[PDB]
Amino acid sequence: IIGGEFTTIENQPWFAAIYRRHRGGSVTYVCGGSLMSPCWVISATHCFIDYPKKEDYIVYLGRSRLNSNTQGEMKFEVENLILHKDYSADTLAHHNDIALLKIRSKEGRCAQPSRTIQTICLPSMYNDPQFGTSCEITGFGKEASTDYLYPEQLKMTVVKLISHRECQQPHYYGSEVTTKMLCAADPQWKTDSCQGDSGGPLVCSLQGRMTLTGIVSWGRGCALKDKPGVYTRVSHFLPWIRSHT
C-alpha cells in the first residue's frame, strides 16, 4: 500500500495472509484474502493461476506481521482451491478474478472467532455503495513501486470509489474496465494498492455493515494520476460464491 498507516490485525480481523512453501526451507507471501465464513477465504484467481498446487499453500489468520509470528494467529492448509473458470488476463486487466480457498487446520477444524479473527460481510446481489464512498483496503504489498521487498507490518488506507464513466475515460483505462470491476482512487492520487496487495479486501459500509465490496485485482503503476486501482466487483459474483459456499 502506498501511503496508509501501519495497523494491526485487530483492525482488519478478516484479513487472511496466503504463503507458498518451497520445501527448500522458505515460504514466501503470495496474496491476501478475506474470511467469508468459518471455512472459506476469498481471494483472486490470478494469485494461484500459475501454481495451482493447493498442497503448497499455507493460510494464516490473525497475523499482524509478514514473517514474524503474532500471538493468536491460526495456520491452515488449503482443502479446496476454486479458481474462476473464465478467468482471463490481458495487457493489464484480469477478468473474473475471484477464488475461494476452503481451509482446514491440522486438527481438522475451520477458523474460530477471537479478537483478531472475524468474518467480513458479503453484499446482497448487485448491491454496491455509490461512487464517492470511502472504503479501506489493507495488505502487505509494496510501499513504493520501486521497492523490491514487502513491509513487515500490515498497512491499511482509505480510498474513494469513482464511477465507471470516470474510470472508462480513455485517459484512464477506457474499456479495459467492465461492469464486473470497480475502480477506487484517492482524490489526490496519494495512496493506493500495489503489487503484493492482490486478493485483499476493499471494505465499505453498506446498509450498516462493513461489506467486502471489492477484491484487490490490478492497476497501472501504483498511486498514479488517472490510473485508479481496479477491484473485482464482488456484488456481481454472489451466485458463483453461493454455488460453492
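Numbering starts at 1 and follows the sequence shown.
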Mean C-alpha B-factor comparison - 121-129 and 95-103, higher one: 121-129
Higher of the two mean Cα B-factors (33-41, 47-55; per PDB record) comes from 47-55
Of the residues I9, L224, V234, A16, the one carrying the largest Cα B-factor as recorded: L224
For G214, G219, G62, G208, the deposited C-alpha B-factor is largest at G208
In terms of the chain's CA B-factor thirds, is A184 lowest, middle or highest? middle
Third of the chain's Cα B-factor distribution that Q195 belongs to, per the entry: middle
Chain thirds of CA B-factor: placement of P170: highest
Thinking about Cα B factors across the chain, which third does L202 belong to? lowest
Quick check on the deposited entry: does the C-alpha B-factor of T178 sit in the lowest, middle or highest third of its chain? middle
